[PDB]
Colleague: 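Take a look at this one; I'll ask things after.
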Protein chains: 2
Amino acid sequence: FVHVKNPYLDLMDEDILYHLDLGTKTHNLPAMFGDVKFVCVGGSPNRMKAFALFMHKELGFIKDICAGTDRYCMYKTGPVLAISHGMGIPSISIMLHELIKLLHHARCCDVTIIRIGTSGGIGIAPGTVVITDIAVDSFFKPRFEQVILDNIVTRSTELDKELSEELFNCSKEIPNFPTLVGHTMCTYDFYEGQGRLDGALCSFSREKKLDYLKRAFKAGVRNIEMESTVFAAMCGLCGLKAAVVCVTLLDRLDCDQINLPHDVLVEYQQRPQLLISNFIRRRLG
Amino acid sequence: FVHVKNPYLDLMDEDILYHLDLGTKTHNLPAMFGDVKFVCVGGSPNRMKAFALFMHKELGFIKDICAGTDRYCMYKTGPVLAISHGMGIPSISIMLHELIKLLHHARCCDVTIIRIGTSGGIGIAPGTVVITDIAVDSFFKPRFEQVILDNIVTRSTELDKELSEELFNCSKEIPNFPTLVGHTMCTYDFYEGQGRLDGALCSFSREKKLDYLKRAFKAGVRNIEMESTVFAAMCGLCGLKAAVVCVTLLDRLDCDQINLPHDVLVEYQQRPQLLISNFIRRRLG
Ligand SMILES: O=c1[nH]c(=O)n(COCCO)cc1Cc1ccccc1
Ligand SMILES: O=c1[nH]c(=O)n(COCCO)cc1Cc1ccccc1
């Protein structure tokens, strides 16, 4: 069963999920979500809707459950729940708080949660799929520094090991699907935080930025995105078995911009869902 | 003229605003945006669209300019540009990198940018509008900690002094419109970062949370939201004249929950736009 790490929550008469337009009094959560086994999360609402429709076809069998809010979108096809999370640590963390609670109230059990996304690559070919083993912060440390009241509390960021191995095993059967298990760096800023030179702000040199990206590579970093540390930390704290599966759209050692025919970009963006469908069909098999 | 603070930017052949679905070569930015004088930013696309429709009627004269992406929404009516920014520091920072560049490329001049939002109040009545003077972090310090590569750089978080005074002076004429100029705390987490007891995670007691909020009040904090430090720091660095105007929906020293008739909620939500309309018509009057 999905647990929370909050001694007060179940002492409450009612729980309202403020950003999902759901609640324990207004909705029958167990009835609505009791059968969920696979939770897939990603930044882009359109991606996540397209993912749900894709899974619907793949499983051989769909409306936004959060149609009443504009914060996040949520789609359900069978035991698969797909949810958008917007961009950045705070945005995914709001969603995770409310989703983990939803799973808890619905009394879901034997659940797997997977983030699917895009990322920038370091020293790997554009379009390589990275299955994160450990998410690291901007200083390449395997940790999430959580601010709780006015206090920094450090949390571990390891994804589920057996799960990452299982996804990697699934990837091997897929043709023209470059895949690796490796560290993912998660940043608070897309621009200076990732050593881009095209922000409204850039206070460092080309030399510093290329030195940073190489030191990241030496430290084990293979891709870079904006949600993996909080995602891994929150799931771990609550005992949820979690994975991150991101496709890289470019190699940052060689390139700041995506230079791809639209058609190749679309294929790449679809790579994580391809792997996740394989995984899910294997589990249900 | 709106400036950037990046010596690499205008040595570039083209500049693609990836999350806005706009670029210098695919779009004529001066033609589209050159007349923009007032930039209004908020978390919710629904709210920002309704604000664009409100201002259109208020100025006595609208589609999503960013229809091609799902990351942000953007509406224009005359000299007024309304943009959504999702939730949290990273989400607004990406919008702001790309927004400020756009204003630069468009050769916009005499621009005022204003964040409008909702917030939790501390020790002030629900429905109170706070015009932020200085944005502070979770420890109550007047600084934004920027992570740039693997270094931390501290930045000032003062909003424009004259603009805040001018916004306050505008509020005086408005009946039943409680307003104050004061500190706004910006957190990276909605739940544990704001002393909530109803997260998936809760690592503190009720007693500790109350003490935290009382020390926040002692330190000058009047309201709590999630975007103000990075908004203040980035606008300041680029020499942009910026304000934050948020309505409080509850007094966190009293209750953890919003308890309001639907009609009252709607009125409180619309209070920041009411003040911004007054301000904009004054400037154009
Ligand atoms: O370099 C990246 N960094 C990154 O954090 N992501 C993840 O998504 C952040 C929002 O697009 C995605 C990428 C690939 C990319 C590169 C340039 C433009 C757009 C996307
Ligand atoms: O307490 C708050 N804290 C806060 O950071 N905000 C700002 O936006 C967060 C997204 O809802 C808004 C509020 C008001 C609130 C209170 C309870 C539920 C929802 C919103």
Side-chain angles (χ1 to χ4, degrees), chain A residues 16-19 42-44 47 69-72 85-92 94-95 98 115-122 126-127 184-191 193-196 198 213 223-228 244 246-252 255-260 265 268-269, chain B residues 16-19 42-44 47 69-72 85-95 97-98 115 117-122 126 184-191 193-196 198 213 223-228 244 246-252 255-260 265 268-269:
Chain A
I16 298 161
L17 311 181
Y18 306 110
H19 304 81
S44 160
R47 192 143 317 151
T69 184
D70 55 4
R71 304 303 200 163
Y72 307 106
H85 64 52
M87 277 170 320
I89 275 153
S91 180
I92 194 176
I94 290 164
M95 186 283 285
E98 297 181 23
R115 164 161 149 76
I116 48 164
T118 59
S119 60
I122 320 193
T184 299
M185 183 163 73
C186 174
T187 73
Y188 286 92
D189 178 23
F190 184 92
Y191 288 92
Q194 296 186 18
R196 300 196 139 77
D198 59 342
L213 292 164
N223 65 329
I224 310 176
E225 45 82 70
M226 297 178 72
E227 299 84 20
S228 62
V244 177
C246 293
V247 66
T248 64
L249 294 187
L250 79 177
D251 186 352
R252 300 291 319 286
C255 217
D256 253 17
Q257 302 160 296
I258 305 169
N259 295 329
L260 295 176
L265 190 58
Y268 284 6
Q269 295 179 329
Chain B
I16 307 180
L17 309 175
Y18 192 90
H19 306 87
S44 164
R47 295 201 211 122
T69 181
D70 56 9
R71 309 297 201 158
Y72 305 106
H85 62 58
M87 280 169 299
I89 278 154
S91 184
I92 191 174
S93 67
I94 295 174
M95 187 281 286
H97 277 290
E98 308 190 7
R115 176 167 141 65
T118 64
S119 60
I122 312 181
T184 296
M185 181 164 79
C186 171
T187 70
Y188 279 92
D189 181 57
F190 187 85
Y191 288 90
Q194 303 187 9
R196 292 203 149 69
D198 66 342
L213 293 160
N223 67 331
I224 306 155
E225 51 79 72
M226 290 186 75
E227 290 88 30
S228 63
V244 185
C246 296
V247 69
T248 65
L249 309 181
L250 77 171
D251 173 6
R252 292 295 312 288
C255 328
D256 330 306
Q257 297 305 331
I258 304 154
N259 188 11
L260 297 173
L265 178 67
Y268 290 180
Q269 262 172 33

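Hydrogens, waters and symmetry mates play no part in the numbers below; they use all other heavy atoms, side chains included. Chain identifiers are assigned alphabetically (A, B, ...) following the order of the sequence lines, protein sequences preceding nucleic acid strands; residue numbering begins at 1 within each chain. Numbering of ligands and ligand atoms starts at 1, following listing order.
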Colleague: Examine the side chains of A:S44 and B:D70 and answer whether a donor and an acceptor come within less than 3.5 Å of each other.
Modeller: yes
Colleague: Name the option, out of A:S119, A:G42, A:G86, that contains the heavy atom nearest to atom 14 (C) of ligand 1.
Modeller: A:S119
Colleague: What's the shortest heavy-atom distance between A:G43 and A:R115, and which atoms?
Modeller: N-NH1, 4.1 Å
Colleague: Taking distance alone, with no angle check, do B:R196 and ligand 2 share an N/O pair under 3.5 Å?
Modeller: yes
Colleague: Which atoms of ligand 2 have any heavy atom of B:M226 under 4.0 Å away?
Modeller: 5 (O)
Colleague: With atoms numbered from 1 as shown, which atoms in ligand 1 lie under 4.0 angstrom from a non-hydrogen atom of A:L250?
Modeller: 1 (O), 14 (C), 16 (C)
Colleague: Looking only at protein heavy atoms, which one is nearest to atom 6 (N) of ligand 2, and what is the separation?
Modeller: B:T118 O, 3.8 Å
Colleague: May I ask you to list the atoms of ligand 1 that are less than 4.0 angstrom from any heavy atom of A:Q194?
Modeller: 1 (O), 2 (C), 3 (N), 4 (C), 5 (O)
Colleague: Which heavy atom of A:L249 sits nearest a heavy atom of A:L260, and at what distance?
Modeller: O-CD1, 3.8 Å
Colleague: Considering only heavy atoms of A:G120, which atoms of ligand 1 have at least one such atom less than 4.0 Å away?
Modeller: 1 (O), 2 (C), 3 (N), 13 (C), 14 (C)
Colleague: By number and element, which atoms of ligand 2 are closer than 4.0 Å to a non-hydrogen atom of B:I224?
Modeller: 3 (N), 4 (C), 5 (O)
Colleague: Using a 4.0 Å heavy-atom cut-off, say whether B:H19 meets ligand 1 through its side chain, its backbone, both or neither.
Modeller: side chain
Colleague: Which pair of non-hydrogen atoms, one from A:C186 and one from A:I89, has the smallest distance, and what is that distance?
Modeller: SG-CD1, 3.5 Å
Colleague: Classify the contact between A:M87 and ligand 1 as side chain, backbone, both or neither, using a heavy-atom distance cut-off of under 4.0 Å.
Modeller: side chain
Colleague: Distance alone, cut at 3.5 Å: any donor-acceptor contact between the side chains of A:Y18 and B:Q257?
Modeller: yes
Colleague: Taking all non-hydrogen atoms of both residues into account, name the closest pair between B:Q194 and B:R252 and its distance.
Modeller: O-NH1, 2.9 Å
Colleague: For B:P90 versus A:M87, what's the shortest heavy-atom pair and its separation?
Modeller: CB-O, 4.3 Å
